[PDB]
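Trainee: Quick one: structure below, then a few questions.
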Amino acid sequence: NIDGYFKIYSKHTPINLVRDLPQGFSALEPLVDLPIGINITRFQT
Amino acid sequence: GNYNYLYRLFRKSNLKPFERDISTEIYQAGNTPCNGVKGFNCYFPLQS
């Protein structure tokens with residue numbers, strides 16, 4: 001959040017692993033950019 | 001009287017550009033810590 005801009009970048013990657021992060025380099029393209037402009041301090045899944 | 005346009009009278013620190021402050025808690029302008037809603041050196045943060 002820079003000046004309240006809630007930036008969302010995601011990518012799908014087919015992998016074959018069991019317990020660890022994939023070995024390699026992966027990017028993230030912009031899915032959506034949100035100008036929400038609200039105060040954020042703590043999150044939850 | 002157009003008293004509806006309230007405004008903050010005090011502030012603990014100089015706020016940032018495009019920063020919005022709505023909380024109306026009583027400011028502790030005095031040396032001593034303060035609580036409650038009223039008291040000397042304990043003034044309403046907003047004026048009209």
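Letters for chains follow the order of the structure tokens (A, B, ...), residue numbers begin at 1 for each chain, and ligand numbers begin at 1 in the order shown.
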Counting only C-alpha atoms, which residues from chain A have an atom at most 12 Å from any atom of chain B, and could you show them as an MDAnalysis selection string?

Mentor: chainID A and resid 2:4 37:39

Trainee: Would you put the residues from that selection into a file with C-alpha atoms, as a PDB file, in the first residue's frame?

Mentor:
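Full text of result03.pdb as output:
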ATOM      1  CA  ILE A   2       1.642   3.187  -1.286  1.00  0.00           C
ATOM      2  CA  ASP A   3      -0.753   6.116  -0.789  1.00  0.00           C
ATOM      3  CA  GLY A   4      -3.490   3.545  -0.220  1.00  0.00           C
ATOM      4  CA  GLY A  37      -6.852   4.422   0.095  1.00  0.00           C
ATOM      5  CA  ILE A  38      -7.695   3.155   3.589  1.00  0.00           C
ATOM      6  CA  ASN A  39      -5.605   2.560   6.694  1.00  0.00           C
TER       7      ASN A  39
END

Trainee: So that I can check the surroundings of residue 47 (chain B), please list as a list in words every protein, DNA and RNA residue that reaches within 9 Å of it, counting only C-alpha atoms and ignoring chain neighbours fewer than 3 positions away.

Mentor: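 The residues satisfying every condition are residues 5, 6, 7, 8, 9, 10 and 44 of chain B.
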
Trainee: Residues as selected, C-alpha atoms, written as a CSV table (one decimal), in the first residue's frame, can you do that?

Mentor:
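Contents of out-v3.csv, as written:
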chain,number,residue,atom,x,y,z
B,5,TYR,CA,-18.2,22.3,10.0
B,6,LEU,CA,-16.1,21.0,12.9
B,7,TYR,CA,-12.3,21.2,12.9
B,8,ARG,CA,-9.5,19.8,15.0
B,9,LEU,CA,-8.3,22.4,17.4
B,10,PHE,CA,-5.2,20.5,18.7
B,44,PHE,CA,-11.9,18.4,23.2

Trainee: Applying 9 Å and only C-alpha atoms, which residues near residue 30 (chain A) remain after dropping the ones on its own chain fewer than 3 positions away? List them as a list in words.

Mentor: residues 7, 8, 9, 10, 11 and 33 of chain A

Trainee: Can you spit out the residues from that selection as an mmCIF file, in the first residue's frame, using N, CA, C and O atoms?

Mentor:
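Below is the file that was written, again28.cif:
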data_model
loop_
_atom_site.group_PDB
_atom_site.id
_atom_site.type_symbol
_atom_site.label_atom_id
_atom_site.label_comp_id
_atom_site.auth_asym_id
_atom_site.auth_seq_id
_atom_site.Cartn_x
_atom_site.Cartn_y
_atom_site.Cartn_z
ATOM 1 N N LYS A 7 -2.103 -3.002 -4.325
ATOM 2 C CA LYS A 7 -1.605 -3.679 -5.514
ATOM 3 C C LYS A 7 -1.626 -5.196 -5.339
ATOM 4 O O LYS A 7 -1.149 -5.728 -4.331
ATOM 5 N N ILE A 8 -2.202 -5.890 -6.320
ATOM 6 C CA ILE A 8 -2.356 -7.342 -6.302
ATOM 7 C C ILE A 8 -1.675 -7.913 -7.536
ATOM 8 O O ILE A 8 -2.144 -7.704 -8.662
ATOM 9 N N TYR A 9 -0.574 -8.633 -7.330
ATOM 10 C CA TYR A 9 0.134 -9.314 -8.405
ATOM 11 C C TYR A 9 0.191 -10.804 -8.095
ATOM 12 O O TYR A 9 0.621 -11.196 -7.005
ATOM 13 N N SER A 10 -0.247 -11.628 -9.047
ATOM 14 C CA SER A 10 -0.282 -13.072 -8.865
ATOM 15 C C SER A 10 0.100 -13.767 -10.165
ATOM 16 O O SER A 10 -0.008 -13.196 -11.253
ATOM 17 N N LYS A 11 0.556 -15.014 -10.039
ATOM 18 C CA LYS A 11 0.837 -15.842 -11.206
ATOM 19 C C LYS A 11 0.613 -17.301 -10.834
ATOM 20 O O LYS A 11 0.823 -17.686 -9.680
ATOM 21 N N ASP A 33 -5.016 -3.528 -9.655
ATOM 22 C CA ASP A 33 -4.462 -2.463 -8.828
ATOM 23 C C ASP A 33 -5.616 -1.676 -8.226
ATOM 24 O O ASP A 33 -6.470 -1.166 -8.959
#

Trainee: Skip residue 40 (chain B) itself and residues of its chain fewer than 2 positions away, then list as a ChimeraX atom specification all residues within 12 Å of it, counting only C-alpha atoms.

Mentor: /B:26-38,42-44

Trainee: Can you list, as a list in words, all residues belonging to chain B that DSSP tags as strand (DSSP E)?

Mentor: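 Written out, the strand (DSSP E) residues of chain B are residues 7, 8, 27, 28, 42, 43, 46 and 47 of chain B.
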
Trainee: Would you mind exporting N, CA and C atoms of the selected residues as an mmCIF file, in the first residue's frame?

Mentor:
data_model
loop_
_atom_site.group_PDB
_atom_site.id
_atom_site.type_symbol
_atom_site.label_atom_id
_atom_site.label_comp_id
_atom_site.auth_asym_id
_atom_site.auth_seq_id
_atom_site.Cartn_x
_atom_site.Cartn_y
_atom_site.Cartn_z
ATOM 1 N N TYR B 7 -13.701 21.255 13.241
ATOM 2 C CA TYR B 7 -12.300 21.185 12.854
ATOM 3 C C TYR B 7 -11.473 20.841 14.083
ATOM 4 N N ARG B 8 -10.403 20.083 13.865
ATOM 5 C CA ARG B 8 -9.494 19.755 14.953
ATOM 6 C C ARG B 8 -8.831 21.020 15.479
ATOM 7 N N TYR B 27 -7.290 15.143 23.889
ATOM 8 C CA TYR B 27 -5.844 15.278 23.781
ATOM 9 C C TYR B 27 -5.247 15.647 25.133
ATOM 10 N N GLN B 28 -4.074 15.086 25.426
ATOM 11 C CA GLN B 28 -3.402 15.292 26.710
ATOM 12 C C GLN B 28 -2.379 16.421 26.575
ATOM 13 N N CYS B 42 -7.179 19.150 29.458
ATOM 14 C CA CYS B 42 -7.767 17.983 28.804
ATOM 15 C C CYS B 42 -8.951 18.499 27.997
ATOM 16 N N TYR B 43 -8.686 18.892 26.758
ATOM 17 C CA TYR B 43 -9.646 19.627 25.950
ATOM 18 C C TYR B 43 -10.125 18.772 24.786
ATOM 19 N N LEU B 46 -11.513 18.852 18.880
ATOM 20 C CA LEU B 46 -12.158 19.514 17.758
ATOM 21 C C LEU B 46 -12.829 20.811 18.195
ATOM 22 N N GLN B 47 -12.856 21.775 17.277
ATOM 23 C CA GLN B 47 -13.543 23.041 17.479
ATOM 24 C C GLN B 47 -14.389 23.317 16.243
#

Trainee: Taking only C-alpha atoms into account, name the residue in A:36, A:18, A:26, A:31 that is nearest to residue 6 (chain A).

Mentor: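 That would be A:36, the residue with the smallest distance to residue 6 (chain A).
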
Trainee: Which distance in Å separates CA of residue 20 (chain A) and CA of residue 41 (chain A), to one decimal?

Mentor: 29.1 Å

Trainee: Just how far from CA of residue 35 (chain A) is CA of residue 5 (chain A), in Å to one decimal?

Mentor: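 Separation between CA of residue 5 (chain A) and CA of residue 35 (chain A): 4.3 Å.
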